[PDB]
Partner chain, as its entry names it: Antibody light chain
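One chain comes next, on its own, written out as C-alpha cells in the form deposited without its partner chain.
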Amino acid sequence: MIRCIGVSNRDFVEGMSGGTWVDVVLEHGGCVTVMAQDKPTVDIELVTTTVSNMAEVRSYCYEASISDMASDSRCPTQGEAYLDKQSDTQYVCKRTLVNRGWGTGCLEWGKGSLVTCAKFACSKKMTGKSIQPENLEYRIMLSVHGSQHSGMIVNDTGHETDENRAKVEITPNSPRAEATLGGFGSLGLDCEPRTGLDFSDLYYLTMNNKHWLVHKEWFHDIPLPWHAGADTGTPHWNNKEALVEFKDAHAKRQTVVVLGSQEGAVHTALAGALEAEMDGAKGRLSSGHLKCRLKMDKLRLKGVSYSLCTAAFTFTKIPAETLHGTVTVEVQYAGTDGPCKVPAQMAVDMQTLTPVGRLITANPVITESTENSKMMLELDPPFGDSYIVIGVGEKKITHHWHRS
C-alpha cells in the first residue's frame, strides 16, 4: 500500500454499483488503485517485463590487439610480395607499393611490392541478440489496499506467505490469470501486451554489463569487425581492417597500429537508445504497458457480519496529505476486541455526522485481538473544510482537514 501511495503516476479507476468488468492500463513503476462500490480496494501494478529465448545474431569487436607481425618487400618486376601467414584468416594484411631503386638493393627504378600482416586478437566484444514477441513475460502484483498491516508493506519481499497479496505472470500466449486475495475474494485478469516495440526490427545489444535495445539497420551498419552468430574457441573475425590501420611505409617495412577502444563511441551513439537489464539468458525491461480487463465480481468484503470496534482509538501520527490529495491516518486501537469493523468516516456537520467524501481503504477491518494495534487508512476527503471521524460515541476522535 505504501508503494502505491508514494508512486507519482497513480491512477484511480472505479467500477460500477454492481458491475463485474473494468479496464485498466498498467505502467511500469506505476500503481493503479481500483475501487468499487461495496467491494475492497485492490492495487494493480506491473513489476517485471522480461524477454527470453534470444539467439545471438552478430558480435562486434571494440578493442583489439595485434602480434606476430612482419613485412616482406620485393623489387620492381620481381613479382608480388609474399608472407607465410598471409592466407591465415587470423591475420590482416595490406598490399602496397614503395619506391625502390639502385641505392636500395634493386637493379631498376620503379615501385616494388610490399606486404605487411599482423595476427588479430579481440580483447572485448559486444553482442546483439534476436528478440521474438512470443517470448514475453509480464509480472503483476495484486495487493489488498488496507488490511490493517498494508501500511507496513512497501515492496514485494514477503508476498509469498501474505494471503492479501498475489502475483501473476502473463505471456502473449497465456493472457488470462486468476489470483485469490485471501479473505477478500479473488481477482480476474485478462491482459494484452501493449508495448509499442518492433521486435522484428530490434536486437538485444550487450556490452560490458551495459545493455540496450537497438535497431537492426543501425546494428548492421556498425563499422567494426564482426562474426555472425557465436563460436567456441576462436571465431573468424570479418572486416579486421576496421580496428587496424597501416601508416606510411618505409623501404622494407610498414607500421601497424590498433585503434583505441570504441566503447565510448558506442555509448555516445546509444545515448537515446532504450536501456535494458540483463539477468543471465533473459532480458529485463523497465518500460512497458498492459491492457488488462479485470473481473471483480468475485471480490468479497471481509468483515460482513463483524461488529464495530467499540473501544477507543488514538492517532499515532498527525495526518498528512499525499501526492494525490488523499489523507493517510494511522490509528491505534487499545481495545481487546477480536476482529471488529473500524468506524471511519468524514463529516462536515458534527450534529448529523453525514458522511462526506469516501474511504480509499474501503471498509477497514481490525483483525488483531490484542491491545494497542495499528492501522493505516487512506481517505478521499471533500474539497474545503471537513472533519476526519474515527470511533463511535464519546471517545471517538475528530481531526479537522482542509483540502485545496
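Numbering follows the first chain given and starts at 1.
For the pair 191 to 199 and 247 to 255, the record assigns the higher mean C-alpha temperature factor to 247 to 255.
Stretch comparison (65 to 73 versus 41 to 49) by mean CA B-factor in the PDB entry places 65 to 73 on top. Within the listed group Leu377, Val57, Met54, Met350, the record reports its top CA B-factor for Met350. Per the deposited record, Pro235 carries the highest C-alpha B-factor of all listed residues (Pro175, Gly158, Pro235, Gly128).
For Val365, the recorded CA temperature factor ranks within the lowest third of the chain's modelled residues. Placement of the Cα temperature factor of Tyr82 within the chain: highest third of the modelled residues, per the deposited record. Ranked within its chain, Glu27 lands in the lowest third, by CA B factor from the PDB record. For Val304, the recorded CA temperature factor ranks within the highest third of the chain's modelled residues. Among the modelled residues of the chain, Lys111 sits in the middle third by CA temperature factor in this PDB entry.
There is also a form deposited with its partner chain bound; it is not shown, and the following applies to it.
The contact residue chosen from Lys295, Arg194, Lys119, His215 relative to its partner chain in the bound PDB entry is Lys119, the criterion being a non-hydrogen atom within 4.5 angstroms. Between the options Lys94, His227, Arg253, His289, the residue in contact with its partner chain in the bound PDB entry by a heavy atom within 4.5 angstroms is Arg253. Residue contact with its partner chain in the bound PDB entry: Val348 places no heavy atom within 4.5 Å of it. A residue is said to contact a partner when one of its heavy atoms sits within 4.5 Å of a partner heavy atom; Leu353 fails this definition for its partner chain in the bound PDB entry, lying far away.
Although the partner is absent from this view, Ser67 contacts its partner chain in the bound PDB entry, with a non-hydrogen atom inside 4.5 angstroms.
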